[PDB]
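This is run22.cif (mmCIF, C-alpha atoms and all ligand atoms).
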data_upload
loop_
_atom_site.group_PDB
_atom_site.id
_atom_site.type_symbol
_atom_site.label_atom_id
_atom_site.label_comp_id
_atom_site.auth_asym_id
_atom_site.auth_seq_id
_atom_site.Cartn_x
_atom_site.Cartn_y
_atom_site.Cartn_z
ATOM 1 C CA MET E 1 39.221 -72.677 24.398
ATOM 2 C CA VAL E 2 36.428 -73.664 26.643
ATOM 3 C CA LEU E 3 35.266 -73.038 30.127
ATOM 4 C CA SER E 4 33.636 -75.795 32.088
ATOM 5 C CA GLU E 5 30.210 -75.225 33.509
ATOM 6 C CA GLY E 6 31.664 -74.848 37.078
ATOM 7 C CA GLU E 7 34.048 -72.161 35.940
ATOM 8 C CA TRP E 8 31.149 -70.246 34.299
ATOM 9 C CA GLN E 9 29.327 -70.675 37.653
ATOM 10 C CA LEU E 10 32.136 -69.057 39.534
ATOM 11 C CA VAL E 11 32.343 -66.227 37.037
ATOM 12 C CA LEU E 12 28.577 -65.486 37.049
ATOM 13 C CA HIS E 13 28.351 -65.713 40.854
ATOM 14 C CA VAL E 14 30.924 -62.918 41.356
ATOM 15 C CA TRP E 15 29.387 -60.903 38.470
ATOM 16 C CA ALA E 16 25.950 -61.089 40.133
ATOM 17 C CA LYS E 17 27.574 -59.192 43.033
ATOM 18 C CA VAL E 18 29.150 -56.637 40.763
ATOM 19 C CA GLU E 19 25.686 -56.024 39.247
ATOM 20 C CA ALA E 20 24.296 -54.845 42.551
ATOM 21 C CA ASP E 21 26.381 -51.640 41.911
ATOM 22 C CA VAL E 22 27.403 -51.494 38.210
ATOM 23 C CA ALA E 23 28.217 -47.852 38.193
ATOM 24 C CA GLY E 24 30.572 -47.848 41.262
ATOM 25 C CA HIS E 25 32.363 -50.952 39.904
ATOM 26 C CA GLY E 26 32.807 -49.288 36.430
ATOM 27 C CA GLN E 27 34.183 -46.157 38.068
ATOM 28 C CA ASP E 28 36.656 -48.149 40.163
ATOM 29 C CA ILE E 29 37.695 -50.259 37.254
ATOM 30 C CA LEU E 30 38.327 -47.422 34.771
ATOM 31 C CA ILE E 31 40.059 -45.297 37.334
ATOM 32 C CA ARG E 32 42.374 -48.210 38.142
ATOM 33 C CA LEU E 33 43.064 -48.752 34.489
ATOM 34 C CA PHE E 34 43.880 -45.072 33.985
ATOM 35 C CA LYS E 35 46.017 -44.856 37.108
ATOM 36 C CA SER E 36 48.016 -47.913 36.221
ATOM 37 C CA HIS E 37 48.304 -47.328 32.489
ATOM 38 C CA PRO E 38 47.790 -43.655 31.915
ATOM 39 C CA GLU E 39 48.318 -43.994 28.177
ATOM 40 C CA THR E 40 44.924 -45.697 28.004
ATOM 41 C CA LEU E 41 43.189 -42.414 29.144
ATOM 42 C CA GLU E 42 44.277 -40.784 25.857
ATOM 43 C CA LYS E 43 41.922 -43.107 23.966
ATOM 44 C CA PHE E 44 39.050 -41.259 25.595
ATOM 45 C CA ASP E 45 38.428 -38.011 23.913
ATOM 46 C CA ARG E 46 35.833 -37.023 26.351
ATOM 47 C CA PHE E 47 37.878 -37.531 29.598
ATOM 48 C CA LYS E 48 41.411 -37.280 28.430
ATOM 49 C CA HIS E 49 41.682 -33.989 30.197
ATOM 50 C CA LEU E 50 41.024 -35.290 33.715
ATOM 51 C CA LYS E 51 44.170 -34.684 35.721
ATOM 52 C CA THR E 52 43.534 -36.384 39.088
ATOM 53 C CA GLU E 53 41.703 -39.312 40.659
ATOM 54 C CA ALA E 54 39.493 -36.800 42.347
ATOM 55 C CA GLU E 55 38.406 -35.310 38.998
ATOM 56 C CA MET E 56 37.852 -38.747 37.702
ATOM 57 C CA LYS E 57 35.698 -39.692 40.743
ATOM 58 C CA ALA E 58 33.759 -36.530 40.116
ATOM 59 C CA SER E 59 33.101 -36.966 36.411
ATOM 60 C CA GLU E 60 29.707 -38.181 35.277
ATOM 61 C CA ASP E 61 30.817 -39.091 31.717
ATOM 62 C CA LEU E 62 33.568 -41.390 33.108
ATOM 63 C CA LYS E 63 30.919 -43.021 35.325
ATOM 64 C CA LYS E 64 28.613 -43.299 32.240
ATOM 65 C CA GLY E 65 31.345 -44.836 30.301
ATOM 66 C CA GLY E 66 32.178 -47.447 32.937
ATOM 67 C CA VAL E 67 28.561 -48.485 33.040
ATOM 68 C CA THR E 68 28.574 -48.928 29.257
ATOM 69 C CA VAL E 69 31.720 -51.070 29.418
ATOM 70 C CA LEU E 70 30.479 -53.251 32.238
ATOM 71 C CA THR E 71 27.041 -53.733 30.887
ATOM 72 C CA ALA E 72 28.471 -54.829 27.498
ATOM 73 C CA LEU E 73 30.984 -57.146 29.295
ATOM 74 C CA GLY E 74 28.274 -58.620 31.604
ATOM 75 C CA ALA E 75 26.073 -59.418 28.527
ATOM 76 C CA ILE E 76 28.986 -61.247 26.919
ATOM 77 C CA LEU E 77 29.872 -63.268 30.072
ATOM 78 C CA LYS E 78 26.307 -64.397 30.464
ATOM 79 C CA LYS E 79 26.382 -66.028 27.047
ATOM 80 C CA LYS E 80 28.994 -68.507 28.554
ATOM 81 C CA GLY E 81 31.042 -68.585 25.428
ATOM 82 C CA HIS E 82 28.289 -68.379 22.760
ATOM 83 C CA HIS E 83 29.018 -64.712 22.246
ATOM 84 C CA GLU E 84 29.780 -64.499 18.516
ATOM 85 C CA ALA E 85 26.973 -62.036 17.706
ATOM 86 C CA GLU E 86 27.679 -59.893 20.659
ATOM 87 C CA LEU E 87 31.417 -59.534 19.688
ATOM 88 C CA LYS E 88 30.956 -58.561 16.029
ATOM 89 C CA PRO E 89 29.750 -54.959 16.456
ATOM 90 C CA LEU E 90 32.100 -54.595 19.368
ATOM 91 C CA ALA E 91 35.193 -55.794 17.539
ATOM 92 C CA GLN E 92 34.198 -53.492 14.623
ATOM 93 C CA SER E 93 34.092 -50.229 16.486
ATOM 94 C CA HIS E 94 37.079 -50.909 18.701
ATOM 95 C CA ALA E 95 39.287 -51.952 15.732
ATOM 96 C CA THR E 96 38.066 -49.352 13.243
ATOM 97 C CA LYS E 97 36.800 -46.447 15.247
ATOM 98 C CA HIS E 98 38.345 -46.308 18.718
ATOM 99 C CA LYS E 99 41.553 -48.374 17.826
ATOM 100 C CA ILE E 100 42.045 -50.212 21.089
ATOM 101 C CA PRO E 101 44.964 -52.549 20.829
ATOM 102 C CA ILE E 102 44.634 -55.944 22.391
ATOM 103 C CA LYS E 103 47.284 -54.818 24.828
ATOM 104 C CA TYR E 104 44.691 -52.357 26.157
ATOM 105 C CA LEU E 105 42.079 -55.072 26.656
ATOM 106 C CA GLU E 106 44.701 -57.066 28.615
ATOM 107 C CA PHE E 107 45.307 -54.078 30.858
ATOM 108 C CA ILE E 108 41.624 -53.554 31.636
ATOM 109 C CA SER E 109 41.256 -57.306 32.218
ATOM 110 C CA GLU E 110 43.875 -56.752 34.883
ATOM 111 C CA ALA E 111 42.053 -53.863 36.384
ATOM 112 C CA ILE E 112 38.857 -55.858 36.507
ATOM 113 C CA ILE E 113 40.546 -58.640 38.415
ATOM 114 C CA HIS E 114 42.130 -56.213 40.835
ATOM 115 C CA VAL E 115 38.786 -54.506 41.675
ATOM 116 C CA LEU E 116 36.859 -57.709 42.091
ATOM 117 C CA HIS E 117 39.600 -58.990 44.377
ATOM 118 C CA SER E 118 39.422 -55.905 46.537
ATOM 119 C CA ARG E 119 35.607 -55.679 46.811
ATOM 120 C CA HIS E 120 34.726 -59.366 46.705
ATOM 121 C CA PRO E 121 37.391 -61.297 48.729
ATOM 122 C CA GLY E 122 34.982 -63.871 49.846
ATOM 123 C CA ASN E 123 33.674 -64.599 46.402
ATOM 124 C CA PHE E 124 36.896 -64.069 44.573
ATOM 125 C CA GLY E 125 39.128 -66.827 45.768
ATOM 126 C CA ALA E 126 41.886 -68.337 43.646
ATOM 127 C CA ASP E 127 39.641 -70.695 41.828
ATOM 128 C CA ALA E 128 37.109 -67.916 41.005
ATOM 129 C CA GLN E 129 39.956 -65.600 39.911
ATOM 130 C CA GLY E 130 41.241 -68.348 37.706
ATOM 131 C CA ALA E 131 37.842 -68.837 36.154
ATOM 132 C CA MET E 132 37.444 -65.076 35.533
ATOM 133 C CA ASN E 133 40.936 -64.858 34.076
ATOM 134 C CA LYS E 134 40.023 -67.700 31.793
ATOM 135 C CA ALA E 135 36.661 -66.092 30.756
ATOM 136 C CA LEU E 136 38.479 -62.856 30.012
ATOM 137 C CA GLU E 137 41.257 -64.491 28.108
ATOM 138 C CA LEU E 138 38.555 -66.228 26.092
ATOM 139 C CA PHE E 139 36.979 -62.807 25.398
ATOM 140 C CA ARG E 140 40.341 -61.348 24.247
ATOM 141 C CA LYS E 141 41.169 -64.334 22.020
ATOM 142 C CA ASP E 142 37.805 -64.183 20.137
ATOM 143 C CA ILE E 143 38.084 -60.455 19.861
ATOM 144 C CA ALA E 144 41.653 -60.687 18.530
ATOM 145 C CA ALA E 145 40.571 -63.111 15.885
ATOM 146 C CA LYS E 146 37.736 -60.761 14.866
ATOM 147 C CA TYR E 147 40.156 -57.900 14.673
ATOM 148 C CA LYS E 148 42.215 -59.956 12.206
ATOM 149 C CA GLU E 149 39.169 -60.545 10.053
ATOM 150 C CA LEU E 150 38.439 -56.839 10.001
ATOM 151 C CA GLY E 151 41.941 -55.765 8.992
ATOM 152 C CA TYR E 152 43.366 -54.541 12.338
ATOM 153 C CA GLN E 153 46.449 -55.751 14.246
ATOM 154 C CA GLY E 154 46.597 -59.496 13.319
HETATM 155 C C1 LIG A 201 36.003 -55.365 28.541
HETATM 156 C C2 LIG A 201 36.315 -54.366 27.553
HETATM 157 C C3 LIG A 201 35.459 -53.462 26.809
HETATM 158 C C4 LIG A 201 34.211 -53.587 26.513
HETATM 159 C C5 LIG A 201 33.381 -54.879 26.623
HETATM 160 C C6 LIG A 201 33.966 -52.272 25.894
HETATM 161 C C7 LIG A 201 32.696 -51.829 25.443
HETATM 162 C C8 LIG A 201 32.407 -50.628 24.862
HETATM 163 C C9 LIG A 201 31.119 -50.287 24.404
HETATM 164 C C10 LIG A 201 29.903 -51.184 24.488
HETATM 165 C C11 LIG A 201 31.200 -48.968 23.970
HETATM 166 C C12 LIG A 201 29.967 -48.178 23.280
HETATM 167 C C13 LIG A 201 29.586 -48.704 21.899
HETATM 168 C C14 LIG A 201 30.771 -48.731 20.917
HETATM 169 O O1 LIG A 201 31.491 -47.705 20.796
HETATM 170 O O2 LIG A 201 31.164 -49.858 20.560
HETATM 171 C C15 LIG A 201 32.550 -48.549 24.190
HETATM 172 C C16 LIG A 201 33.109 -47.381 23.693
HETATM 173 C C17 LIG A 201 34.464 -47.049 23.794
HETATM 174 N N1 LIG A 201 35.478 -47.920 24.360
HETATM 175 FE FE1 LIG A 201 35.286 -49.842 24.813
HETATM 176 N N2 LIG A 201 35.063 -51.525 25.725
HETATM 177 C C18 LIG A 201 36.004 -52.183 26.431
HETATM 178 C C19 LIG A 201 37.343 -51.829 26.574
HETATM 179 C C20 LIG A 201 37.916 -50.578 26.025
HETATM 180 C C21 LIG A 201 39.245 -50.191 26.474
HETATM 181 C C22 LIG A 201 40.189 -51.205 27.203
HETATM 182 C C23 LIG A 201 39.462 -48.931 25.993
HETATM 183 C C24 LIG A 201 40.625 -48.013 25.994
HETATM 184 C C25 LIG A 201 41.816 -47.316 26.444
HETATM 185 C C26 LIG A 201 38.130 -48.617 25.298
HETATM 186 C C27 LIG A 201 37.827 -47.386 24.820
HETATM 187 C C28 LIG A 201 36.584 -47.066 24.343
HETATM 188 C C29 LIG A 201 36.281 -45.794 23.786
HETATM 189 C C30 LIG A 201 37.253 -44.630 23.522
HETATM 190 C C31 LIG A 201 34.961 -45.773 23.481
HETATM 191 C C32 LIG A 201 34.294 -44.411 23.100
HETATM 192 C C33 LIG A 201 33.825 -43.547 24.291
HETATM 193 C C34 LIG A 201 32.845 -42.410 23.965
HETATM 194 O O3 LIG A 201 33.241 -41.420 23.362
HETATM 195 O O4 LIG A 201 31.644 -42.577 24.116
HETATM 196 N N3 LIG A 201 37.309 -49.600 25.308
HETATM 197 N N4 LIG A 201 33.266 -49.584 24.730
#
Here is a file; write its structure as structure tokens.
Ligand code: HEM
Amino acid sequence: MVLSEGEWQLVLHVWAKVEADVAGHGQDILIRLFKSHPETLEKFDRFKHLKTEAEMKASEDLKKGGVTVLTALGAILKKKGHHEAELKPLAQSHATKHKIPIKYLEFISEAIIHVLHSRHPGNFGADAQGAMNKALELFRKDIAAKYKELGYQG
């Protein structure tokens, strides 16, 4: 698929807001993913044991991990689709080492959209949410095809 330049503009304009506080956005986003789909917390051997939102809010590794996720996602969105090299290493550890089904990437994509909608209502209107949904579906589609090449899922 392919995003038009104006859709990439809408995506990178919200993202530029998220970047003003990458760690608080990553915390929000992972906590929302783990509240909504608790099974996903199990994939994290270093947090797995956190029992409440309060413990999550208080954990520095969880905050470190959100920052890692968002920074890697922001570097892929800024390529505007030419992200082949950035996805290769990524698709290799998630398929072979961590073992994150595509289903799990769809869930987090949901949690990202939820959080941006809450924090950025003025910059996250329907059109911008459509463009971000599109950019994220494009991410998942290219990752799923890499997974297939590596021997996972597909
Ligand atoms: C937008 C989606 C994602 C991006 C771009 C992303 C990115 C990354 C990156 C850059 C790392 C560190 C380097 C490496 O291990 O590859 C990481 C590690 C990891 N990711 Fe992902 N990831 C995402 C989604 C997921 C999801 C949805 C889950 C699972 C329920 C997941 C679970 C993990 C785990 C378990 C690690 C290891 C944590 C640790 O022990 O340090 N990832 N992720």
Counting all atoms listed in the file, find the residues whose atoms lie at most 12 Å from (41.2, -56.9, 9.3) (file coordinates) and write them out as a list in words.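 So the residues meeting the distance criterion are residues 91, 92, 94, 95, 96, 143, 144, 145, 146, 147, 148, 149, 150, 151, 152, 153 and 154 of chain E.
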Go ahead and save the residues from that selection, with C-alpha atoms, as a PDB file, in the frame of the given file.
ATOM      1  CA  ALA E  91      35.193 -55.794  17.539  1.00  0.00           C
ATOM      2  CA  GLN E  92      34.198 -53.492  14.623  1.00  0.00           C
ATOM      3  CA  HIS E  94      37.079 -50.909  18.701  1.00  0.00           C
ATOM      4  CA  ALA E  95      39.287 -51.952  15.732  1.00  0.00           C
ATOM      5  CA  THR E  96      38.066 -49.352  13.243  1.00  0.00           C
ATOM      6  CA  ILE E 143      38.084 -60.455  19.861  1.00  0.00           C
ATOM      7  CA  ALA E 144      41.653 -60.687  18.530  1.00  0.00           C
ATOM      8  CA  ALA E 145      40.571 -63.111  15.885  1.00  0.00           C
ATOM      9  CA  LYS E 146      37.736 -60.761  14.866  1.00  0.00           C
ATOM     10  CA  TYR E 147      40.156 -57.900  14.673  1.00  0.00           C
ATOM     11  CA  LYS E 148      42.215 -59.956  12.206  1.00  0.00           C
ATOM     12  CA  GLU E 149      39.169 -60.545  10.053  1.00  0.00           C
ATOM     13  CA  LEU E 150      38.439 -56.839  10.001  1.00  0.00           C
ATOM     14  CA  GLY E 151      41.941 -55.765   8.992  1.00  0.00           C
ATOM     15  CA  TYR E 152      43.366 -54.541  12.338  1.00  0.00           C
ATOM     16  CA  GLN E 153      46.449 -55.751  14.246  1.00  0.00           C
ATOM     17  CA  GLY E 154      46.597 -59.496  13.319  1.00  0.00           C
TER      18      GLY E 154
END
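Nearest-residue note for residue 80 of chain E: choosing from E:20, E:100, E:138, E:126, the minimum distance belongs to E:138, counting only C-alpha atoms.
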Using all atoms listed in the file, find the one residue out of E:64, E:134, E:78, E:57 that sits nearest to ligand LIG 201 (chain A).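 Checking each candidate against ligand LIG 201 (chain A), we get E:64 as the closest.
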Can you list, as a PyMOL selection string, every protein, DNA or RNA residue that comes within 9 Å of residue 27 of chain E when you count all atoms listed in the file, leaving out same-chain residues fewer than 3 positions away? chain E and resi 22-24+30-32+56-57+62-67
Just want the 7 Å neighbourhood of segment 2-19 of chain E, counted on only C-alpha atoms, with same-chain residues fewer than 3 positions away dropped. Output as an MDAnalysis selection string. chainID E and resid 22 25 80 123:124 128 131:132
Just how far from atom CA of residue 103 of chain E is atom CA of residue 127 of chain E, in Å to one decimal? 24.5 Å
Check every protein, DNA and RNA residue against ligand LIG 201 (chain A), keep those with an atom at most 6 Å away (counting all atoms listed in the file), and present them as a list in words.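 I would give the residues around ligand LIG 201 (chain A) as residues 40, 41, 43, 44, 46, 68, 69, 72, 73, 90, 93, 98, 100, 104, 105 and 108 of chain E.
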